[PDB]
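Here's a solo chain for you in C-alpha cells, the form deposited in one PDB entry.
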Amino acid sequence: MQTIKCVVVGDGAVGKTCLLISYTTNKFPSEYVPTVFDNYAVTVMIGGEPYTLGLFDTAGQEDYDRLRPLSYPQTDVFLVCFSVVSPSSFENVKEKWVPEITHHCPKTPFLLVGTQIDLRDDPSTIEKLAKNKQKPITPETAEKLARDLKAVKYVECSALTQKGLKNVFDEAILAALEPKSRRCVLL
C-alpha cells in the first residue's frame, strides 16, 4: 500500500507543530496544544485508491545541522514553512532551508507554506513588528519567492482557524504523486 512521506521543515517557532496537530486532530481552539508531534500516519484517498500519508515534524532540530538530515531519506514531499509575521523566517527559506533540502534531495518537490496568517490581524504582533519597522509578509512577495526557488507552489494557512489548512496538505499530496524517482535517497 503506497506511502507518501511528508516532512515539515523551517525555522523554530513558526508553528510547524501546531500546523500538524491542527491538521490531524479535531480540537477546540481553547484546548491545550502540545509542544511535540509524534510521527503520524493516515489514509487518504486519491483516484479512488488508498494511500498512507506519513507526517514527520522536525521541531527542535533547527540549530542541529548534522541531525536534521537524518529525517530526509525517503521523503516524497517537503513543506518549507515560514511565518507570515516573521520576516527573518522568510529570509531563512532562501538562505537556509531551500538550499539544504535541494542539496540533500535534489529531485524532491517542495511547497512554500506561509503559517500564522491569523496573526496579520493581531494587534500585538503588528505593534511588535512595527517597532522594528517591519510588517508581515504579503502573499504576492511569497509567490514571487516560490517561483524563484522552484517551489511547486505557495500555500498559506492558519492552524488556529484552519483557514487554508486542509488545502496545504491536499496540495502536498498532489505534488508528491504528480506523474519514486522524486523520493529522496542516500546522501
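The numbering used is simple: start at 1 and walk along the sequence shown. We call the rigid core the largest set of C-alpha positions that still match within 1.5 Å between the two forms.
- According to the entry, the stretch of the deposited sequence that connects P179 to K180 contains 4 to 9 residues lacking coordinates, which leaves a gap of moderate length in the model.
- Comparing 18-26 with 170-178, the stretch with the higher mean C-alpha B-factor in the PDB entry is 170-178.
- When the two stretches 157-165 and 42-50 are set side by side, the higher mean Cα temperature factor goes to 42-50.
- Annotation for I137: C-alpha temperature factor in the middle third relative to the rest of the modelled chain, per the entry.
- Among the modelled residues of the chain, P106 sits in the highest third by CA temperature factor in this PDB entry.
- When all modelled residues of the chain are sorted by CA temperature factor, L145 is found within the highest third.
- Sorting the modelled residues of the chain by their CA temperature factor places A130 in the middle third.
Heads up, the form solved in complex with a small molecule isn't pictured, but that's what we're talking about next.
- The small molecule is not drawn, but in the deposited complex it has no heavy atom within 4.5 Å of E143.
- Taking the partner from elsewhere, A13 is found to have a heavy atom lying within 4.5 Å of the small molecule in the deposited complex.
- Mapping the unseen interface onto this chain, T75 falls outside it, with no heavy atom inside 4.5 Å of the small molecule in the deposited complex.
- Taking non-hydrogen atoms only, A176 never approaches the small molecule to within 4.5 angstroms in the deposited complex.
- For the set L149, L160, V152, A59, a Cα shift of at least 2 angstroms between the shown form and the other one, after rigid core superposition, holds for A59 and for no other residue.
- In this overlay on the rigid core, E31 has a C-alpha that sits 2 Å or more away from its partner position between the shown form and the other one.
- Once both forms are fitted on their rigid core, the CA atom of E140 lies less than 2 Å apart between the shown form and the other one.
- Put simply, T35 and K96 spread apart in the deposited complex: their C-alpha atoms are 3 Å or more farther than in the form shown.
- Legend note: Cα of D63 to Cα of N92 is at least 3 Å farther in the deposited complex than in the depicted form.
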